[PDB]
Number of protein chains: 2
Amino acid sequence: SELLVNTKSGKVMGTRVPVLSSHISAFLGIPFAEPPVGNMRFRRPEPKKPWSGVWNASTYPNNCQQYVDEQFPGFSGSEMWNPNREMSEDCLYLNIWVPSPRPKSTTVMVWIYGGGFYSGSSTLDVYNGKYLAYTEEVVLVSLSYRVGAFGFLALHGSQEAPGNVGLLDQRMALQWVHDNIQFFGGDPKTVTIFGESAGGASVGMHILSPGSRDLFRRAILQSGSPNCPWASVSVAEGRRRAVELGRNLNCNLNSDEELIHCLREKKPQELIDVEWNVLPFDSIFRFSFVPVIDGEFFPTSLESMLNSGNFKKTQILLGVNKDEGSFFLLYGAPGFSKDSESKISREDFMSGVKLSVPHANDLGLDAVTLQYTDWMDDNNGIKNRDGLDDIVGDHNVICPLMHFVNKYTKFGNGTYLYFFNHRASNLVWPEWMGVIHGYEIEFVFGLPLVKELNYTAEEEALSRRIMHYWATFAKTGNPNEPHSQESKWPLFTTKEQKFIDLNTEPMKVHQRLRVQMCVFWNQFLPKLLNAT
Amino acid sequence: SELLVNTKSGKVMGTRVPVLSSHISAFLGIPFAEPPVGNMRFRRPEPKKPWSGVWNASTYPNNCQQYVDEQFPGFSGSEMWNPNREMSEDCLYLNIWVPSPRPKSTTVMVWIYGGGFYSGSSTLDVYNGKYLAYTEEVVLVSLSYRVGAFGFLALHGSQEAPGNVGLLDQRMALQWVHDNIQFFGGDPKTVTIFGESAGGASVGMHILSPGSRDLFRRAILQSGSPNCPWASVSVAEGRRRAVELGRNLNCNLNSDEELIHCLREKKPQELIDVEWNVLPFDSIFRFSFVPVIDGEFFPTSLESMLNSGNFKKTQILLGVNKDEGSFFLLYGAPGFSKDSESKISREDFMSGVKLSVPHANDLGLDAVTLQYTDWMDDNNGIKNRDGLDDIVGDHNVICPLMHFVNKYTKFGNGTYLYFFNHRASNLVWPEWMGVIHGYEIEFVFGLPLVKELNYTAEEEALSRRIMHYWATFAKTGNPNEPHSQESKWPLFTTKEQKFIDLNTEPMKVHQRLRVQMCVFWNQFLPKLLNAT
Ligand SMILES: CCC1=C[C@@H]2Cc3c(c(N)c4ccc(Cl)cc4[n+]3C)[C@H](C1)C2
Ligand SMILES: CCC1=C[C@@H]2Cc3c(c(N)c4ccc(Cl)cc4[n+]3C)[C@H](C1)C2
Ligand SMILES: *[C@@H]1O[C@H](CO)[C@@H](O)[C@H](O)[C@H]1NC(C)=O
Ligand SMILES: *[C@@H]1O[C@H](CO)[C@@H](O)[C@H](O)[C@H]1NC(C)=O
Ligand SMILES: *[C@@H]1O[C@H](CO)[C@@H](O)[C@H](O)[C@H]1NC(C)=O
Ligand SMILES: *[C@@H]1O[C@H](CO)[C@@H](O)[C@H](O)[C@H]1NC(C)=O
Ligand SMILES: *[C@@H]1O[C@H](CO)[C@@H](O)[C@H](O)[C@H]1NC(C)=O
Ligand SMILES: *[C@@H]1O[C@H](CO)[C@@H](O)[C@H](O)[C@H]1NC(C)=O
Ligand SMILES: [Cl-]
Ligand SMILES: [Cl-]
Ligand SMILES: [Cl-]
Ligand SMILES: [Cl-]
């Protein structure tokens with residue numbers, strides 16, 4: 001009854017789950033698309049055909065096929081991001097947590113996982129929607145979408161592998177929420193999409209894309225934005241990477257149809273095993289199969305859409321973490337280690353700059369180096385390490401997001417900007433990595449509220465604060481409760497450019513988030529690279 | 001007897017001058033060249049023909065023909081630099097201060113005045129040699145040389161106006177000292193040349209030029225070095241400026257001979273009146289007629305000579321002032337005034353940047369701006385003012401000199417580097433100008449020892465310290481007296497790059513003078529400008 005819901009495509013039976021000292025309803029693994037398998041690999045998704053009988057929605061679904069990280073086998077800090085369910089191309093499912101008793105018509109929040117467009121799962125422990133749904137009385141949906149070549153192989157002009165199909169997977173889940181969430185007590189007119197990393201970029205892409213704009217009300221972007229340098233490629237570059245994927249697999253390259261036919265015969269792990277081989281440069285924070293600027297999902301270049309105001313005009317809430325780069329340096333740059341302070345030699349610093357800005361000419365590399373080197377103390381291994389950390393984070397996350405923030409706010413209806421700089425007391429990664437990419441997620445999803453996870457009481461309060469900001473913004477377009485006496489998170493405005501720190505200390509308002517480095521990344525360096 | 005000296009060119013009769021509570025001998029206005037007048041304008045100097053009788057050397061000579069500054073008529077702070085004697089092309093004379101009684105064979109210091117190669121006089125009150133000669137028991141010579149077009153008109157290929165003849169004037173005075181100073185009690189094997197601004201560049205140029213190297217022992221450079229962007233031009237640019245000088249005066253431009261003949265028939269003031277018209281750009285800290293890289297006085301490019309060690313290997317002592325740029329901004333940049341704090345708007349800041357780096361493309365201007373702009377506070381008029389001050393001083397004086405210092409020290413026999421940052425208690429210029437270009441000269445020449453000038457006791461102590469460093473270096477190649485208990489001024493080395501502050505406080509040693517900005521000026525910006 002409470003667990004038995006009739007949707008437009010058939011009946012679903014959820015399950016009653018414990019949350020803290022209470023319970024809520026969970027509907028796990030509801031299908032929203034036809035399985036994109038066989039001849040449907042690389043194709044746009046098709047709506048799930050209606051079923052008879054009762055869909056058993058008591059169990060998490062499979063995860064999409066993806067690279068699995070084996071750098072630190074058994075280490076919780078890396079394993080927590082890997083698929084925790086069987087991988088399958090049959091992976092287009094969504095999950096819903098519903099407060100008990102079922103509300104009449106409440107705010108909906110739809111989580112879009114990140115992972116560089118090459119990885120990610122809706123089913124990770126850290127994306128468990130039950131604490132947020134319970135604590136804030138929202139209906140929490142987590143969707144899924146194809147990643148890697150399966151979601152983003154792009155042979156523009158082919159209707160068999162057009163590109164962006166992972167984004168269309170997301171849109172079809174949004175369409176399903178629009179059509180069905182009312183049966184779960186959600187208001188389809190008050191849907192907030194939120195996501196981190198590639199999920200944050202995705203959220204921004206749905207803001208931009210005309211075919212997505214009417215399927216949600218407002219948006220939250222965490223450590224990602226649509227204009228990030230890793231988040232899209234041109235149709236020519238997508239085509240080059242798809243041809244090179246076939247070349248790595250001894251495919252007939254004479255035509256799109258012959259190439260696609262070859263790739264559809266391969267087993268999924270055969271594609272994944274060569275996925276990284278198509279990148280044009282030795283690099284970090286670059287991923288092979290990503291959204292393509294196609295003229296269809298994206299009518300024009302992202303920058304022109306941003307400049308002209310060709311995007312959904314609504315409220316947004318978004319921000320970044322203090323040390324976005326450390327994860328990527330640990331995994332891809334010389335001199336970094338999980339088990340040392342990772343003091344970086346001058347030689348390894350220069351190597352890291354080249355890996356971090358792979359598209360830069362020698363003059364551009366000199367500019368980055370000069371901008372981040374203290375020439376009174378150039379052999380300081382801590383300064384070299386932290387300088388590289390800032391380079392990676394500023395170039396790939398912080399400054400792209402600030403460009404988006406500044407462009408969006410000219411036309412939008414409300415911007416709230418945050419800077420998350422709390423390092424968790426129980427973090428398993430070493431201190432040099434600081435406030436790591438993605439480690440705000442556990443606070444957004446309320447994991448500090450769980451006694452057995454050993455967060456401090458101050459971190460529980462911060463998580464409660466963040467969840468309330470997020471859900472109140474989702475409900476009202478404003479993270480602040482009116483007539484409350486706590487300090488107010490101010491609108492980011494073009495003139496004053498205010499943001500807040502998110503940490504365990506009382507809220508502080510600042511202005512011009514990393515403005516000095518972002519003038520370098522957003523204006524001077526692009527002009528230098530264009531001119532040379 | 002003491003005042004009657006027979007030189008190789010004839011007899012001279014000096015005068016006995018009071019100095020503090022004692023007396024010394026002065027030989028003023030001794031000719032060292034034939035008057036460069038008539039058909040000898042623009043020509044290399046010729047040695048002064050010997051004279052019969054006794055040359056009356058009791059009176060300062062004429063000053064060379066030059067632009068006279070009328071910006072602040074009657075204001076001591078600017079008038080103190082203007083000619084204080086009649087101007088004439090008949091101006092190639094030198095002055096000698098000799099301790100009394102005459103020493104047997106003592107250290108010689110030869111002062112070379114600055115003034116952008118367009119101005120300067122040996123007779124300024126601030127260059128009065130009597131305090132240094134008396135206090136430190138040296139023979140103090142001040143030479144003169146043709147400035148402006150008269151000294152540096154350059155039509156390469158012509159023997160009538162070859163260029164660099166002002167440097168040859170200096171050389172001929174050095175040759176005269178070599179041949180004659182023994183008759184005044186000076187040791188021709190222990191001559192130190194020292195100079196400020198264009199005089200400091202000149203000193204470095206004699207270090208470089210093979211024809212000058214054997215005419216002095218060691219060298220002091222104050223706020224000037226031979227590689228300064230204002231201190232030389234190419235043969236092509238020198239020719240262009242000479243032809244443009246003729247165009248401004250309705251001259252026949254068909255040939256060097258006709259152009260030169262036209263220019264030789266003009267009154268001196270006619271040349272001076274159009275001197276600034278030949279500069280290629282609106283600019284500050286740029287001067288029309290300067291040394292030319294000719295292949296003779298300078299066998300190859302200054303940079304190749306520095307790189308190869310093609311220069312005199314000896315000891316050098318050199319340094320800069322804290323606020324080298326303020327004089328040039330006051331006189332040439334919008335928003336600066338003698339009678340106000342000169343807070344600079346963003347608009348006037350950008351205007352000043354273009355005036356300060358006139359040769360830079362737009363990308364180069366952006367680089368300079370970004371490097372000197374605090375984008376958290378870009379409308380701060382004080383920061384904008386001081387940022388421009390730093391731009392002018394760093395680009396034109398400090399970083400060229402640090403490049404010279406580093407190249408020289410690889411081959412030289414001892415480098416001593418200073419940073420003069422004491423603002424005189426009795427300065428007549430406003431406080432925003434700080435420690436002005438040229439305002440260390442009055443300390444080098446011992447003016448604070450004159451009670452009537454109202455320096456503090458601490459400034460008298462600083463002047464005496466500086467005079468003793470300069471003269472002890474002149475005598476020994478080391479500003480420090482061994483066996484002494486004074487703090488020691490350390491050698492500048494390639495590895496440690498130490499320098500001292502010169503001020504009224506106890507000595508501080510620092511390393512890497514303005515290294516961050518000078519990497520920008522000496523490595524990055526030239527590379528940006530060469531790419532584009
Ligand atoms: C690569 C993109 C990516 C983004 C998200 C965040 C993320 C992921 C990881 N596997 C990580 C593995 C090690 C470390 Cl220290 C951080 C990670 N983090 C922060 C996945 C993959 C999800
Ligand atoms: C322009 C070159 C130049 C360098 C020397 C120092 C100098 C000179 C001036 N006329 C100055 C006029 C005003 C001020 Cl505030 C400073 C000046 N200072 C510092 C002459 C001319 C000699
Ligand atoms: C749904 O699946 C779970 C486990 O897969 C099972 O325990 C439950 O009984 C199922 N519901 C049915 C079969 O109605
Ligand atoms: C949002 O839009 C409404 C309706 O036009 C307007 O009244 C309000 O001022 C806007 N708020 C912001 C922050 O732009
Ligand atoms: C959390 O703390 C409890 C109680 O002190 C301890 O038993 C447990 O091992 C801790 N959990 C983790 C994951 O460290
Ligand atoms: C030399 O000139 C000075 C200054 O005018 C004068 O006092 C002196 O009498 C002159 N000497 C002779 C011998 O004329
Ligand atoms: C200067 O040269 C002398 C003689 O060759 C040498 O002994 C001395 O080490 C040199 N000093 C410096 C500071 O280079
Ligand atoms: C020096 O200071 C005294 C006392 O302040 C003053 O009388 C005198 O005029 C000053 N000298 C000059 C040259 O200004
Ligand atoms: Cl079924
Ligand atoms: Cl850190
Ligand atoms: Cl605004
Ligand atoms: Cl100042």
Side-chain angles (χ1 to χ4, degrees), chain A residues 370 373-380, chain B residues 194 196-197 200-201 203-204 207 219-231 285 306 315-326 368 371-372 386-387 389-412 414-423 434-440 443-444 462 465-466 469-470 473 479-480 487-507 509-526:
Chain A
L370 177 52
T373 296
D374 176 0
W375 280 112
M376 294 167 67
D377 195 15
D378 47 300
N379 284 307
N380 187 318
Chain B
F194 69 133
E196 186 270 348
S197 148
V203 163
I207 287 172
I220 300 177
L221 301 82
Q222 299 164 208
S223 302
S225 59
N227 54 310
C228 287
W230 48 268
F285 220 139
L306 291 180
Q315 304 84 36
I316 62 171
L317 181 153
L318 74 172
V320 305
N321 293 358
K322 178 194 175 310
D323 301 292
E324 300 276 13
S326 52
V368 179
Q371 187 86 3
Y372 284 90
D386 294 343
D389 205 344
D390 289 334
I391 286 171
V392 177
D394 291 346
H395 166 64
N396 289 288
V397 177
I398 298 194
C399 297
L401 182 138
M402 291 311 304
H403 182 71
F404 177 79
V405 152
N406 279 105
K407 295 287 186 182
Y408 190 85
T409 295
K410 170 164 171 57
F411 292 97
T415 299
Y416 297 93
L417 179 62
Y418 70 81
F419 185 71
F420 180 89
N421 63 347
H422 176 77
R423 179 177 168 100
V435 182
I436 299 171
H437 189 60
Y439 274 82
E440 92 291 353
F443 284 82
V444 168
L462 175 55
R465 271 184 60 221
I466 285 175
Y469 289 147
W470 265 229
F473 171 82
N480 304 290
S487 34
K488 301 284 190 297
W489 183 347
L491 278 168
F492 175 101
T493 64
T494 299
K495 180 170 173 183
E496 303 199 286
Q497 297 170 51
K498 296 173 171 187
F499 68 98
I500 68 161
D501 297 334
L502 283 174
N503 57 39
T504 54
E505 291 170 341
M507 171 181 308
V509 170
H510 310 286
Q511 297 177 229
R512 302 187 174 189
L513 178 41
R514 280 185 85 66
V515 60
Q516 191 78 28
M517 294 309 335
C518 291
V519 172
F520 174 84
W521 289 107
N522 293 341
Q523 271 71 53
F524 179 71
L525 186 65

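Order of the sequence lines sets the chain letters (A, B, ...), proteins ahead of strands, with each chain counted from 1.
- Shown here are the side chain to side chain donor-acceptor pair (under 3.5 Å) partners of B:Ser225, two or more places apart in sequence or in another chain: B:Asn227.
- A donor and an acceptor atom, one from each side chain of B:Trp470 and B:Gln222, are located under 3.5 Å apart.
- Looking at residues two or more places apart in sequence or on another chain, you find a ring-ring contact (aromatic ring centres under 6.0 Å, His included) between B:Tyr469 and B:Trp489.
- Between B:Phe492 and B:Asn406 there is a side-chain heavy-atom pair separated by less than 4.5 Å.
- Within the 4.5 Å cutoff, no side-chain heavy atoms of B:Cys518 are placed close to those of B:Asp394.
- Side-chain contact between B:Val509 and B:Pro490 is present, with at least one heavy-atom pair separated by less than 4.5 Å.
- Two residues are said to be in side-chain contact when any heavy atoms from C-beta on lie closer than 4.5 Å; B:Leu502 and B:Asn421 fail this criterion.
- Between B:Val320 and B:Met402, every side-chain heavy-atom pair lies at or beyond the 4.5 Å cut-off.
- In this structure the side chain of B:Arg423 never reaches within 4.5 angstrom of the side chain of B:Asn503, judged on heavy atoms.
- Between B:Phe520 and B:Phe524, the two ring planes are tilted [angle within 30° to 60°].
- Aromatic ring centres of B:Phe443 and B:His422 lie closer together than 6.0 Å.
- In summary, the side chains of B:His437 and B:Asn321 do not present any donor paired with an acceptor at a separation below 3.5 Å, with no hydrogens or angles considered.
- A 4.5 Å side-chain heavy-atom check between B:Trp521 and B:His403 finds every atom pair outside the cut-off.
- Using cut-offs of 30° and 60° on the angle between ring planes, the pair B:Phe419 and B:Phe499 is perpendicular.
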